[PDB]
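The next block holds one structure in the form of structure tokens; read it before the comments.
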Amino acid sequence: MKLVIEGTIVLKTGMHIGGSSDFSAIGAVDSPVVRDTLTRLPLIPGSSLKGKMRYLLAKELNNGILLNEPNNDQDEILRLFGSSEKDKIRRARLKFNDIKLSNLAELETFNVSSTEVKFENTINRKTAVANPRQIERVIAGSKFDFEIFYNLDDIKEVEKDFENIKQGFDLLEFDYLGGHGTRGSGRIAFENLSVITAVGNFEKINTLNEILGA
Amino acid sequence: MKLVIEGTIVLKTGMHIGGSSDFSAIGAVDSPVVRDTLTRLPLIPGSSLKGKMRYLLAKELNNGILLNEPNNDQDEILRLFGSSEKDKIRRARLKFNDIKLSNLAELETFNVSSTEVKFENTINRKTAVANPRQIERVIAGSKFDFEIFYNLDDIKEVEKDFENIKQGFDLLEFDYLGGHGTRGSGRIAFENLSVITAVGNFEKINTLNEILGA
Amino acid sequence: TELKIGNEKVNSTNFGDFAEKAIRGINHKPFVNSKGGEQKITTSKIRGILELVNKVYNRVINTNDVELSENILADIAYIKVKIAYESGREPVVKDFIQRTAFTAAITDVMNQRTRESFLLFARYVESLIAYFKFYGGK
Amino acid sequence: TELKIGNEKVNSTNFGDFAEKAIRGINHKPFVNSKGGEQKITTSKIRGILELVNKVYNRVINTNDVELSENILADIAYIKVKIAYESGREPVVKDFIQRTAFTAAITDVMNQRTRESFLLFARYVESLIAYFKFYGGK
Amino acid sequence: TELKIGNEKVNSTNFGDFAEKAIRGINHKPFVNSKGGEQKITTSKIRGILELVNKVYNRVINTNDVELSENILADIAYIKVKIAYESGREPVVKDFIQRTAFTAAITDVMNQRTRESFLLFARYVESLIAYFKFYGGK
RNA sequence: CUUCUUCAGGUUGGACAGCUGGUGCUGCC
RNA sequence: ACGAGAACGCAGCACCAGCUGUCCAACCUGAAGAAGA
């Protein structure tokens, strides 16, 4: 059995995820955001979402401290995100996906594009001279509908898996996703968190929703 | 932990922070303010607040002598604001967020806009030529409700961190936040300062409030 | 997006060219006065007009509305009052306003009552003034 | 993809060389002031022109659309208006525009209306700024 | 092959030796600034050169045409424009661009207009960065 | 019935830059 | 009336597992509506 965790990621502040492939002009942008190559639609890579969620959850579950290596995290994190250790390989019960922004029509109703330009600078404390940059940033109010695949392997510890999934989601809500988060950017929110059966039906699927929506 | 430092900043005189990317017109406005793209509301970038707080706190915690590189400051500044110092890279405990305008309702009832345009001068005692400019300034009487997240790395380093945060906020009071601040603009005041825990409860959190709410 | 000043004004590929040709037509045949032509209407008359249009424009830009509010319509009415008075002051302002169809544009944006037409008209007037400074001076 | 700088068509590969030619020609034989003096265009003014081009380029580039819409063409016509205003204000800026075909390039983009045409125009202006920084210095 | 440099000729077999020679010439007798020198280029300034070259290498590494397409040629010309621009910003970069004749190689690539020529040029630049590594650091 | 409608500088700067693990085994003459 | 004739180097097998494009940085500096209306 396999389950699909749907939901939406709503940007609270501007969100920047780096990665640059071509044509950064000399007066326009210095750090573009990652975009879907075909449709040019900005996206949240599943790698970055998975990594931030794993970091926050592993730090929270262990002791509040996290200095180890990913293949030596706690057993919940190891069983939910995977482990490549030689003799102890845990197959990941989560398959994150790349997350394109869904409410572009809603944004176009407000006569705005999905990305803004943010003008920053650093001020040399010696001479008080400013060095300007130009960060492309996905505007607040953008919504990213996602889908995370959960491989239902153990029928009994699925509840603890989903409690930790919700805990990691809530840790992201009080943190940033991608880019210069401590300097204002990156704030996000989660909504419409619902798990559904990929094929067939699961006995505790009404329980797994109420431990996701609450 | 995930302490959440809430509050409100109010401008005493009109504050200017730039970063617009729109066509300035022939006689309309030569320098507008930074605003949210979707809601068109005036914005205080959490990067601007973080940078000005780091400058002001760092200089006052360096006997009024701030000359070093940002990564070459005292330990407490780095442990609150972060640094990429080569071996002991410090994660920023403070997670500032882009602060959006909040009190549009009372301003609307006041029949005023969130911004005004000021004509001052560029006059000369010499051959009498003046170069008029147009500064857009966020109306004095604007409230920006903020939420600054905090990381409790160690319980020993919570009361020192929060008293330093409060004194950094109160150092901004006798200063401005950005823009043409040397010329009568940018005066800010902080009100409703407090802190709450994101998840669960924290021991001696009232000690934080008694040194942050007063 | 579409303006009417007598020559199928459009937002795209139309406002700058038509403002330029209006300015050229003004400069091609200088205004006739008593008793010498070429009055050379300075920027002082052209500004002030620009200042009123641009203060209304300043209040309009920070407003995401398809239609202009009644306050903006009264501002445009006061614009028309100022233009009428300034034209009545001396005939060269009358010639400038009539040839460039400033009053016709004001009436058309008053009929359309949308922010798109007002921004088009402000863009048009700025085009008039920019091309006046380009092909004139002072 | 085939701009019309002056009397010589500009393709998508000679923009850098032709911009270098334009900058060197201006640097070697510069503008002469009215009051018997020599001066160039400041870095601030050309940087402002590039910013103007960067305002529209930052929104054009994040697209796959073959032809620019009416809003982009309206912004391009406005940038042409501001070019005319800058030319009319400071004669050194007018000289800089005329020695290049920056007005002729913007008119060619306005007439072509395609996204690739404006992309080449942005490339050409970026190369003009690049060779100003390289040759003129700072 | 046939990649002109200005004083010599690097064929497909002789890019690494020339790159190491140029890096040794850079490592020997460091740059002289206003204050008598003497710091050397940073790893994150030859970075920019390396990603600039890779932004076309990734698009040319996987193809079979002998001659480069008009889109690749435009991006190579843009690399030339960019390397001209950034050299004017910092002098410690300009000596790197001159002592290691990037511009001549780029111009020859733009003159050959062949896939193998640009592959050789990219190999030369990559070897140059690789040899800056293991001699300096930081 | 006057008099400029913005001018002059910084346009990103450093830090990391791919690491670890498997790595042809089984069946036939 | 060929040291011959006949005879698939073939069958099974995921280039895969783990990994935040991150960290630090204020769109900042300098700039009277006077003046004989």
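Chain A is the first sequence line, chain B the second, and so forth, proteins listed ahead of strands; every chain is numbered from 1.
Side-chain contact check for B/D30 and B/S24: no donor-acceptor pair (N or O, by modelled atom type) lies under 3.5 Å. With no hydrogens or angles considered, no side-chain donor-acceptor pair links D/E126 and E/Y85 at under 3.5 Å.
Distances from the side chain of B/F81 to the nucleotides G/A17, G/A25, F/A17 place G/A25 closest. With G/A26, F/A15, G/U20 as the choices, the nucleotide that has an atom nearest any side-chain atom of B/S48 turns out to be G/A26. The side chain of B/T182 lies closest to G/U29, out of G/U29, G/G33, F/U12. Across G/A26, G/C23, F/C7, the shortest atom-to-atom separation from the side chain of A/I123 is found for G/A26.
Where B/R133 and A/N121 meet RNA chain F, the nucleotide closest to each residue was compared, and B/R133 sits on the side nearer the 5' end. Each of D/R47 and B/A25 lies near RNA chain F, and the nucleotide nearest B/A25 is the one positioned closer to the 5' end.
We find that OH of C/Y57 is positioned 19 Å from P of F/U5, with the value rounded to whole Å. Atom pair B/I135:CD1 and G/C27:P shows a separation of 19 Å (rounding to whole Å applied). Whole-Å rounding puts the B/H16 NE2 to G/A31 P distance at 15 Å.
Looking at B/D98 and A/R137, a side-chain N of the basic residue comes within less than 4.0 Å of a carboxylate O on the acidic one, giving a salt bridge. Classification of D/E51 and D/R47 as a salt-bridged pair fails, no side-chain N sitting under 4.0 Å from a carboxylate O.
Nucleotides G/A25 and F/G10 have their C1' atoms positioned 15 Å apart, rounded to a whole Å. For the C1' atom pair drawn from G/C28 and G/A32, the interatomic distance equals 23 Å after rounding to whole Å. Comparing F/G22 with G/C13, their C1' atoms sit 15 Å apart, to the nearest whole Å. Comparing the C1' positions of G/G33 and G/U29 gives a spacing of 24 Å, expressed to the nearest Å.
In this structure, F/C16 forms a base pair with G/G21, meeting the Watson-Crick or G-U wobble definition at 3.5 Å. Pairing status of G/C15 against F/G22: a Watson-Crick or G-U wobble pair, both distances under 3.5 Å.
The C1'-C2'-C3'-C4' dihedral of G/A26 is negative. Its furanose therefore counts as south. The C1'-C2'-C3'-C4' dihedral of F/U12 is positive. Its furanose therefore counts as north.
Around atom NZ of E/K133, no more than 12 heavy atoms belonging to other residues, nucleotides or ligands sit under 6.0 Å away.
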**OP:** Apply salt bridge (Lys or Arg N to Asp or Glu O under 4.0 Å) to A/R91 and A/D153, showing your working.
**Re:** CA-CA 10 Å; A/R91 286 204 212 239; A/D153 288 312; over 6 Å; no
Original post:
For B/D175 and B/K52, what are the C-alpha separation, side-chain angles and deciding distance, and is it a salt bridge (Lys or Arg N to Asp or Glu O under 4.0 Å)?
Top reply: CA-CA 10 Å; B/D175 197 75; B/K52 253 294 196 180; 3.0 Å; yes
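Stacking between F/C4 and F/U5 does not hold, since their six-membered rings do not have both centres below 5.5 angstrom apart and planes below 30 degrees.
A side-chain heavy atom of B/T122 lies under 5.0 Å from a base atom lining the minor groove; the opposite groove has no such atom.
Backbone-only engagement by C/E90 is indicated by non-hydrogen atom pairs under 4.0 Å involving sugar-phosphate atoms exclusively. B/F96 comes within 4.0 angstrom of nothing in the nucleic acid, heavy atoms only. At a threshold of 4.0 angstrom between heavy atoms, the contacts of B/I17 are confined to the sugar-phosphate backbone, with no base atom among them. At a threshold of 4.0 angstrom between heavy atoms, the contacts of A/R54 are confined to the sugar-phosphate backbone, with no base atom among them. Within the 4.0 angstrom heavy-atom criterion, only backbone atoms of the sugar-phosphate kind lie near A/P70; the bases stay farther away. Using a 4.0 Å heavy-atom cutoff across all strands shown, B/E85 reaches no nucleic acid atom at all. Within the nucleic acid shown, B/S31 has no heavy atom closer than 4.0 Å to any nucleic acid atom.
Residue A/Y55 has no polar side-chain atom (N or O) positioned under 4.0 Å from OP1 or OP2 of G/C23.
Across all strands shown, G/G36 has no partner, as no Watson-Crick or G-U wobble contact with both distances under 3.5 Å is found.
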